[PDB]
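Trainee: Below: one structure in structure tokens.
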Amino acid sequence: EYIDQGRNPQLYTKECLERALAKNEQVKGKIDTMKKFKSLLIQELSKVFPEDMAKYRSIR
Amino acid sequence: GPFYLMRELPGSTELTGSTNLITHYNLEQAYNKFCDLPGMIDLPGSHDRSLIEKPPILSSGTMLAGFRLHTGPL
Amino acid sequence: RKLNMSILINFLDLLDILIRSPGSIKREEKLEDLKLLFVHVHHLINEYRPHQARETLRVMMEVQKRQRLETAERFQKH
């Protein structure tokens, strides 16, 4: 159906590349947000049990 | 001492969705290129039942033939 | 006291075991494992109630004696 209208596939490949890049960017965004949320919750409650945090940091 | 039901976490960085999947999959230079061919086609010819051809493609005796049919010049 | 750290650490281990291995099967056993842990806390906590129930019984026996004495003394006074 893309050939039916009549257009070179270079524009379609550009659109596929840009939409895949957008999906990659939003996946990177969600990944870094959950990572920073994990880091802030870890450092926020470092005082509840120091031994538990020490074991968590050692095991990682 | 040990907590109940601790286990081993997986290998530190295996294949994830956090890597750059395109650059790992060797597709970078095509994107850096990319980011009408009818027109490309148009340059070769003139312009670009086009209703009929699509329908035919939707579903998906050369010498003797010439001798059989004769078309008046005028 | 021990169970609480384990569920919490697992919660934190389940958070990043998704990124370390998304296609691995062990994530649903961890949820199940989490479910098993949930089954345990409630099961262990329910242990206290029977003992608690027994305590409620003693006051009823105890309060009447505290009430009966007052009635007898009041009657005597009257």
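Following the order of the structure tokens, first chain is A, next is B, and so on, with residues numbered from 1 inside each chain and ligands from 1 in the order they appear.
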Per residue of chain C within 7 Å of chain B, what are the shortest atom pair and its distance in Å to one decimal, counting only C-alpha atoms, with rows by chain and residue number, as CSV?

Mentor:
residue,atom,partner,partner_atom,distance
C:2,CA,B:3,CA,6.7
C:3,CA,B:4,CA,6.9
C:5,CA,B:3,CA,6.9
C:6,CA,B:3,CA,5.3
C:17,CA,B:9,CA,6.6
C:19,CA,B:16,CA,6.4
C:20,CA,B:10,CA,5.7
C:21,CA,B:10,CA,6.6

Trainee: Go ahead and dump the residues you just picked, N, CA and C atoms, as a PDB file, in the first residue's frame.

Mentor:
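Dumped everything to out04.pdb:
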ATOM      1  N   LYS C   2      13.013 -10.970  60.935  1.00  0.00           N
ATOM      2  CA  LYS C   2      13.860 -11.470  59.860  1.00  0.00           C
ATOM      3  C   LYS C   2      13.104 -11.471  58.540  1.00  0.00           C
ATOM      4  N   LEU C   3      11.840 -11.879  58.591  1.00  0.00           N
ATOM      5  CA  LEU C   3      11.009 -11.935  57.395  1.00  0.00           C
ATOM      6  C   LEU C   3      10.857 -10.571  56.734  1.00  0.00           C
ATOM      7  N   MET C   5      12.943  -7.998  56.535  1.00  0.00           N
ATOM      8  CA  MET C   5      14.066  -7.614  55.684  1.00  0.00           C
ATOM      9  C   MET C   5      14.074  -8.410  54.376  1.00  0.00           C
ATOM     10  N   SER C   6      13.760  -9.702  54.463  1.00  0.00           N
ATOM     11  CA  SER C   6      13.759 -10.576  53.294  1.00  0.00           C
ATOM     12  C   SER C   6      12.732 -10.190  52.229  1.00  0.00           C
ATOM     13  N   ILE C  17      16.069  -7.371  38.963  1.00  0.00           N
ATOM     14  CA  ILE C  17      16.187  -8.624  38.233  1.00  0.00           C
ATOM     15  C   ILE C  17      15.401  -8.575  36.931  1.00  0.00           C
ATOM     16  N   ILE C  19      15.605  -5.921  34.860  1.00  0.00           N
ATOM     17  CA  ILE C  19      16.573  -5.385  33.907  1.00  0.00           C
ATOM     18  C   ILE C  19      17.718  -6.370  33.679  1.00  0.00           C
ATOM     19  N   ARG C  20      18.170  -7.049  34.740  1.00  0.00           N
ATOM     20  CA  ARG C  20      19.254  -8.018  34.575  1.00  0.00           C
ATOM     21  C   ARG C  20      18.834  -9.183  33.680  1.00  0.00           C
ATOM     22  N   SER C  21      17.555  -9.545  33.707  1.00  0.00           N
ATOM     23  CA  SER C  21      17.038 -10.616  32.853  1.00  0.00           C
ATOM     24  C   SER C  21      15.543 -10.418  32.657  1.00  0.00           C
TER      25      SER C  21
END

Trainee: For stretch 44-52 of chain A, work out the shell of residues within 9 Å, counting only C-alpha atoms and skipping chain neighbours fewer than 5 positions away, then give it as a PyMOL selection string.

Mentor: (chain A and resi 39+57) or (chain C and resi 5+9)

Trainee: Could you give me, as JSON lines, a per-residue list for chain A showing, wherever an atom lies at most 8 Å from an atom of chain B, the closest pair of atoms and their distance in Å to one decimal, using only C-alpha atoms and sorting by chain then residue number from low to high?

Mentor:
{"residue": "A:4", "atom": "CA", "partner": "B:54", "partner_atom": "CA", "distance": 6.5}
{"residue": "A:6", "atom": "CA", "partner": "B:38", "partner_atom": "CA", "distance": 5.3}
{"residue": "A:7", "atom": "CA", "partner": "B:36", "partner_atom": "CA", "distance": 4.2}
{"residue": "A:8", "atom": "CA", "partner": "B:37", "partner_atom": "CA", "distance": 3.1}
{"residue": "A:9", "atom": "CA", "partner": "B:37", "partner_atom": "CA", "distance": 6.8}
{"residue": "A:10", "atom": "CA", "partner": "B:34", "partner_atom": "CA", "distance": 6.9}
{"residue": "A:11", "atom": "CA", "partner": "B:34", "partner_atom": "CA", "distance": 7.6}
{"residue": "A:13", "atom": "CA", "partner": "B:34", "partner_atom": "CA", "distance": 6.8}
{"residue": "A:14", "atom": "CA", "partner": "B:34", "partner_atom": "CA", "distance": 4.8}
{"residue": "A:17", "atom": "CA", "partner": "B:31", "partner_atom": "CA", "distance": 6.0}
{"residue": "A:18", "atom": "CA", "partner": "B:35", "partner_atom": "CA", "distance": 7.0}
{"residue": "A:24", "atom": "CA", "partner": "B:20", "partner_atom": "CA", "distance": 7.9}
{"residue": "A:27", "atom": "CA", "partner": "B:18", "partner_atom": "CA", "distance": 7.5}
{"residue": "A:28", "atom": "CA", "partner": "B:18", "partner_atom": "CA", "distance": 6.3}
{"residue": "A:31", "atom": "CA", "partner": "B:18", "partner_atom": "CA", "distance": 7.1}

Trainee: Can I get the selection written as a short mmCIF file (atom, residue, chain, number, x, y, z; two decimals), in the first residue's frame, with N, CA and C atoms?

Mentor:
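Written out: selection.cif:
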data_model
loop_
_atom_site.label_atom_id
_atom_site.label_comp_id
_atom_site.auth_asym_id
_atom_site.auth_seq_id
_atom_site.Cartn_x
_atom_site.Cartn_y
_atom_site.Cartn_z
N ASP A 4 1.46 1.67 -3.65
CA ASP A 4 0.22 2.01 -4.32
C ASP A 4 0.05 3.53 -4.47
N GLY A 6 2.67 5.66 -4.29
CA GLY A 6 3.80 6.01 -5.13
C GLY A 6 4.77 6.95 -4.46
N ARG A 7 5.86 6.39 -3.91
CA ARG A 7 6.85 7.16 -3.17
C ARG A 7 8.04 6.26 -2.90
N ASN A 8 9.23 6.85 -2.90
CA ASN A 8 10.44 6.09 -2.63
C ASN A 8 10.45 5.57 -1.19
N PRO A 9 11.01 4.38 -0.96
CA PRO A 9 11.01 3.81 0.40
C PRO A 9 11.99 4.48 1.35
N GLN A 10 12.79 5.44 0.88
CA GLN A 10 13.73 6.12 1.77
C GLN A 10 13.01 6.90 2.85
N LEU A 11 11.91 7.57 2.49
CA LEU A 11 11.11 8.28 3.49
C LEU A 11 10.50 7.32 4.50
N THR A 13 11.77 4.40 5.42
CA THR A 13 12.85 3.96 6.29
C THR A 13 13.23 5.06 7.28
N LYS A 14 13.22 6.32 6.84
CA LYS A 14 13.45 7.43 7.76
C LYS A 14 12.39 7.47 8.86
N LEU A 17 13.02 4.62 11.27
CA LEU A 17 14.16 4.93 12.11
C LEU A 17 13.80 5.94 13.19
N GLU A 18 13.03 6.97 12.83
CA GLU A 18 12.70 8.00 13.81
C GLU A 18 11.71 7.48 14.86
N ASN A 24 13.06 4.09 21.63
CA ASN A 24 14.29 3.92 22.41
C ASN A 24 14.48 5.04 23.42
N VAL A 27 12.03 4.57 26.28
CA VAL A 27 12.48 3.45 27.11
C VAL A 27 13.67 3.87 27.97
N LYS A 28 14.60 4.63 27.40
CA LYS A 28 15.72 5.15 28.18
C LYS A 28 15.23 6.07 29.28
N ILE A 31 13.69 3.97 32.04
CA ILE A 31 14.76 3.25 32.73
C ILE A 31 15.50 4.18 33.69
#

Trainee: Select residues of chain A: the criterion is any atom within 10 Å of an atom of chain C, counting only C-alpha atoms; output as an MDAnalysis selection string.

Mentor: chainID A and resid 31 34:35 38 42 49 52:53 56 60

Trainee: Next, the residues of the selection above should be written as an mmCIF file, in the first residue's frame with N, CA, C and O atoms.

Mentor:
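Listing of selection-v9.cif after writing:
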data_model
loop_
_atom_site.group_PDB
_atom_site.id
_atom_site.type_symbol
_atom_site.label_atom_id
_atom_site.label_comp_id
_atom_site.auth_asym_id
_atom_site.auth_seq_id
_atom_site.Cartn_x
_atom_site.Cartn_y
_atom_site.Cartn_z
ATOM 1 N N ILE A 31 13.688 3.968 32.040
ATOM 2 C CA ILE A 31 14.759 3.255 32.730
ATOM 3 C C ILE A 31 15.499 4.181 33.690
ATOM 4 O O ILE A 31 15.732 3.831 34.850
ATOM 5 N N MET A 34 13.226 5.063 36.758
ATOM 6 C CA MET A 34 13.134 4.029 37.786
ATOM 7 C C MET A 34 14.475 3.838 38.484
ATOM 8 O O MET A 34 14.518 3.558 39.691
ATOM 9 N N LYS A 35 15.581 4.024 37.760
ATOM 10 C CA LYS A 35 16.900 3.928 38.380
ATOM 11 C C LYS A 35 17.104 5.024 39.419
ATOM 12 O O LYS A 35 17.570 4.761 40.537
ATOM 13 N N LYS A 38 14.947 4.344 42.460
ATOM 14 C CA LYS A 38 15.594 3.348 43.306
ATOM 15 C C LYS A 38 16.724 3.972 44.116
ATOM 16 O O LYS A 38 16.854 3.719 45.317
ATOM 17 N N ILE A 42 16.828 4.360 48.161
ATOM 18 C CA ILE A 42 17.914 3.718 48.893
ATOM 19 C C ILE A 42 18.611 4.719 49.805
ATOM 20 O O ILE A 42 18.828 4.450 50.995
ATOM 21 N N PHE A 49 18.261 0.679 59.013
ATOM 22 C CA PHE A 49 19.023 -0.479 59.464
ATOM 23 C C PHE A 49 20.366 -0.466 58.743
ATOM 24 O O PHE A 49 20.446 -0.881 57.574
ATOM 25 N N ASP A 52 21.623 -3.819 57.121
ATOM 26 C CA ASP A 52 20.927 -4.230 55.904
ATOM 27 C C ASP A 52 21.474 -3.489 54.693
ATOM 28 O O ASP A 52 21.710 -4.093 53.643
ATOM 29 N N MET A 53 21.701 -2.179 54.826
ATOM 30 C CA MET A 53 22.276 -1.415 53.721
ATOM 31 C C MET A 53 23.704 -1.855 53.425
ATOM 32 O O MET A 53 24.113 -1.893 52.261
ATOM 33 N N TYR A 56 23.427 -5.047 51.520
ATOM 34 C CA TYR A 56 22.938 -4.747 50.179
ATOM 35 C C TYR A 56 24.046 -4.182 49.297
ATOM 36 O O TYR A 56 24.169 -4.559 48.127
ATOM 37 N N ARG A 60 25.290 -6.194 46.221
ATOM 38 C CA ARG A 60 24.960 -5.411 45.023
ATOM 39 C C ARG A 60 24.120 -6.209 44.024
ATOM 40 O O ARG A 60 24.648 -6.843 43.109
#

Trainee: Can you list, as a PyMOL selection string, all residues belonging to chain B that DSSP tags as helix (DSSP H, G or I)?

Mentor: chain B and resi 21-24+28-34+37-42+50-59+62-68

Trainee: Could you tell me how far atom CA of residue B:73 lies from atom CA of residue B:44, in Å and to one decimal?

Mentor: 29.2 Å

Trainee: Suppose you want the space between atom CA of residue B:47 and atom CA of residue B:60; what is it in Å?

Mentor: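 Going from atom CA of residue B:47 over to atom CA of residue B:60, I get 25.6 Å.
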